[PDB]
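What is reported rests on the model, the rules as stated and the sources as named; no laboratory instrument gave them. Backbone-built Cβ (ideal geometry, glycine too); neighbour counts: all protein chains shown.
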Amino acid sequence: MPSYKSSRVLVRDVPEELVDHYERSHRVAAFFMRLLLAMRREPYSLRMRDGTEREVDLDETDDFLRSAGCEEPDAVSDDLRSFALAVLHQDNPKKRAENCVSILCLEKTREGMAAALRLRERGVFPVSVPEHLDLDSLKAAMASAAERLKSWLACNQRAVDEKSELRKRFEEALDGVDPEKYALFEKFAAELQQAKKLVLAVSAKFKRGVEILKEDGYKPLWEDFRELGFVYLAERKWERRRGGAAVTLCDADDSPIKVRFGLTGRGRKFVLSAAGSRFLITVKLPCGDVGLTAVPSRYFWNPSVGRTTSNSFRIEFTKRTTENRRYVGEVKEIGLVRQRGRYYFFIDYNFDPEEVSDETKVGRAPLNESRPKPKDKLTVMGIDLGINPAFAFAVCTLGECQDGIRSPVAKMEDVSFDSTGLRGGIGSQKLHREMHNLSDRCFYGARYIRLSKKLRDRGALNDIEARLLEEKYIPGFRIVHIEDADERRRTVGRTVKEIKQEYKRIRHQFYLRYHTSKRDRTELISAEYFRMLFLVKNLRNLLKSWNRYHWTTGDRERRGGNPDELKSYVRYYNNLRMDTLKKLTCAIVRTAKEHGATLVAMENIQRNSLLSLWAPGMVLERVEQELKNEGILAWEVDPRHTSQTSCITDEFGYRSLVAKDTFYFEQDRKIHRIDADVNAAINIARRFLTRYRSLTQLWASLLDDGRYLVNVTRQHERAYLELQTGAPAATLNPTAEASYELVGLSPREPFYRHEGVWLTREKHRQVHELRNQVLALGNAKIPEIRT
RNA sequence: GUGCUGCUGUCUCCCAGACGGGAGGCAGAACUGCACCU
């Protein structure tokens, strides 16, 4: 329920009577993770600092459990597995039985705990802990290891789901059709792999890949290269996929974990005191205590601490920012992480968000559903998550209208989108451009290395290889091609060094942005962060390729267990990702608070873009959390044609593929232009405000009679017809002007609204005529409206 | 304090193989700017 924040403080001269504890905690955590990864004998792939993954066998698991202390782990495997599953959150919550250590390491109903009791009275349970430690430290280490195993089992279930989906998609392709001829097609593949884009290249039932099939060697079927080839592709995809989620062990110097402390008994207790602008930490080990001088931290400039009746340490501090800002909260746990030698005390705490009145929550549903209205003069703000703009914004006060873009709303008067603009644009006409250039250069070199590897090993293997060489990579790497291999290798090295130097140049110019006399005018966020994120993400691969060029193409294994390869760049990229996400968070909160932003709409990006740099959901989740922590109540919105339709005429439009930021629409038989980003911002606000009263896409199928039937997936679609047609379903009947309409029904091709004539996929793709018209009339002649 | 996030001199280990890269330790200066549970 409550939220969280956390920051680190550094203790410099640490006593050894705690460094030993750190080491033993790491040891016991690793052993516990292996014990719980073996209690279920399903094998898996693992790895170490090496990075290349060995594979276990069930015999290894048997011997491991034997070393634990069991004699016939296979014989009693049932209770062990049940206890393990009940421990690591594998099962559903009601079957859910750090809290296990009191049953595990002791010497003197849900199936997990009953199984543990059986395993003990059965004479099997008590395992031999490799190292001596106190019970609370065992609890903390089990907590860490179990959390990591929880992540692993979640990811393993995910991989299982992925492989199941691949298998089902392949099955729907084969569907048992002509299995013998399928084997014949596999025999054809035998030559193909020795002699999908090819399947698309076979467009007509008319180059050795496309010449051999005509010959009698594989003529005898010739049936159709849609059924023939899709099945092979799906089988190949199901063949090539990792089905399990690997594991990394926890290593003090390679895979560190946090050594946690807190008053709640999840580790040794603690006392936090402050004096002289710095924290002082005392931890009650079984051997006594220790005094550690947490170096003063700007996150805790002038702090203080205080005990509470809630068994928590209340603190208060001032965070260095553009101004002096105040914070408070309750501290309940601390964590020790030894990164590159220095001991850091992680500080954790809860803190209240700012107050919210239910007049916000009420406003914060489908048109087929009726619920009360705001009944309050709140302000709705637009957020358009993107790349070039961090968030295009527009805020229009409901219960008021002065001037601007007039946008209707569901069952209330018109609102006006007056305050508009962009946040997070390019901080330089040159820096972002150069940075994007370098990122693309990396993306292309990282493949030309493989291309030259194959060419050196075997020579030109086919035509499309040379076509790509001359078309995409050679210009993406801008190097001279040399027939010999030695000079080509040295040219690869030269270009690698040049990319290094350009990375240094960019990195140095980009660090000075926050120190030179221009400090004040440097924006909080900008597209520069995202573009240099892309640059690092692709430079990592370019180098990782340059580390593996000396060896041939057919290899598959590491030549030596050299750890910590390119980990500096990985750490840089990840720290940057965290910082940039925080900065976008801060920019959104700042641009939202001043305007009020009592309700915020942000497109559901989940349906060279945000999805690449982050997992699809983390951006939205953390943005909702941060905006929540401030008292604001954000909200997500479907983006489907929110970026191609118009916000003044409610009709589809053209988002210029070349003028990427501009959008075009026509009103009153006149052509008008607008900033596509602000446009979108509006349309998302419009959809939030109007309860999605104007659909623009429908998928309909046909079976007979020559007329299609609408589909029913999301309640909003079901409400659209009931509002426009009057029946819960309808059909796409024809009309003279090569278009459709909706005339209901009585007891899946594209279709798009336009004016209501519903020009389908082909005729919809009218939008090209709009493009031709708007291009022919000249952009400079077009009205540009408030932006 | 963690990062953004650095730089210049120097010191060492690994991969390569005369082009290059990877990983860390110190020591100087420049500047005190921007965010901060992964």
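Can you tell me which condition A:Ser310 does not meet? The list is (1) of a type outside the set (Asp, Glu); (2) surrounded by 14 or more Cβ atoms within 10 Å (Cβ to Cβ); (3) away from RNA strand B (no atom under 16 Å from the Cβ), and all the others hold.
Unmet condition: (2).
When A:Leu576 is evaluated against the numbered criteria (1) assigned to a helix (DSSP H, G or I); (2) among the hydrophobic types (A, V, I, L, M, F, W, C); (3) more than 6 Å from RNA strand B (Cβ to nearest atom), which criterion, by number, is the only one it fails?
Failed condition: (3).
Can you find even one residue in the stretch A:422-443 that is in contact with a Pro (Cβ under 9 Å, 6 or more places away or on another chain) and part of a strand (DSSP E or B)?
yes
Select, from A:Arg494, A:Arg456, A:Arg489, A:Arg505, the only residue that is under 30 Å from A:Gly427 (Cα atoms), within 16 Å of RNA strand B (Cβ to nearest atom) and of a type in the set (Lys, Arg).
A:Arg505
Can you pull out the residues in the stretch A:344-378 that are within 33 Å of the chain's Cα centre (by Cα), part of a loop (DSSP other than H, G, I, E, B) and over 26 Å from A:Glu717 (Cβ atoms)?
The answer is A:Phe351, A:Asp352, A:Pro353, A:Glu354, A:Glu355, A:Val356, A:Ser357, A:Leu378.
Within the stretch A:314-326, which residues are near RNA strand B (Cβ under 8 Å from one of its atoms) and either within 23 Å of A:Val271 (Cα to Cα) or in contact with a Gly (Cβ under 9 Å, 6 or more places away or on another chain) (or both)?
Listed by number, the list holds a single entry, A:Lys319.
Which of the following residues is exposed (fewer than 12 other Cβ atoms within 10 Å of the Cβ) and either of a type outside the set (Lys, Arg) or more than 22 Å from A:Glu180 (Cα to Cα) (or both): A:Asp216, A:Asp253?
A:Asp216
Within the stretch A:99-115, track down each residue that is out of contact with any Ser or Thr (no Cβ under 9 Å at 6 or more places or on another chain) and not basic (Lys, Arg).
Once the filter is applied, which keeps residues that are out of contact with any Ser or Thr (no Cβ under 9 Å at 6 or more places or on another chain) and not basic (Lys, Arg), the stretch A:99-115 yields A:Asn99, A:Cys100, A:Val101, A:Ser102, A:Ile103, A:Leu104, A:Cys105, A:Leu106, A:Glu107, A:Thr109, A:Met113.
Could you tell me whether any residue of the stretch A:289-297 is within 29 Å of A:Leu627 (Cβ to Cβ) and surrounded by 13 or more Cβ atoms within 10 Å (Cβ to Cβ)?
The answer is yes, given that some residue of the stretch A:289-297 is within 29 Å of A:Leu627 (Cβ to Cβ) and surrounded by 13 or more Cβ atoms within 10 Å (Cβ to Cβ).
Report whether or not A:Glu630 is among the acidic types (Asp, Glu) and either under 21 Å from A:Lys582 (Cβ atoms) or within 16 Å of RNA strand B (Cβ to nearest atom) (or both).
When the stated conditions are applied, A:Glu630 passes them.
Residue check: is A:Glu333 outside the structural domain of A:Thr522 (by TED's automatic domain parsing), within 12 Å of RNA strand B (Cβ to nearest atom) and in a strand (DSSP E or B)?
For A:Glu333, the condition - outside the structural domain of A:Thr522 (by TED's automatic domain parsing), within 12 Å of RNA strand B (Cβ to nearest atom) and in a strand (DSSP E or B) - is met.
Going through A:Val14, A:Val76 one at a time, which residue ends up being closer than 30 Å to A:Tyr343 by Cβ and surrounded by 13 or more Cβ atoms within 10 Å (Cβ to Cβ)?
A:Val14
Does A:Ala246 satisfy being in contact with a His (Cβ under 6 Å, 6 or more places away or on another chain), among the aliphatic types (A, V, I, L, M) and within 30 Å of A:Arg571 (Cα to Cα)?
The answer is no for A:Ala246.
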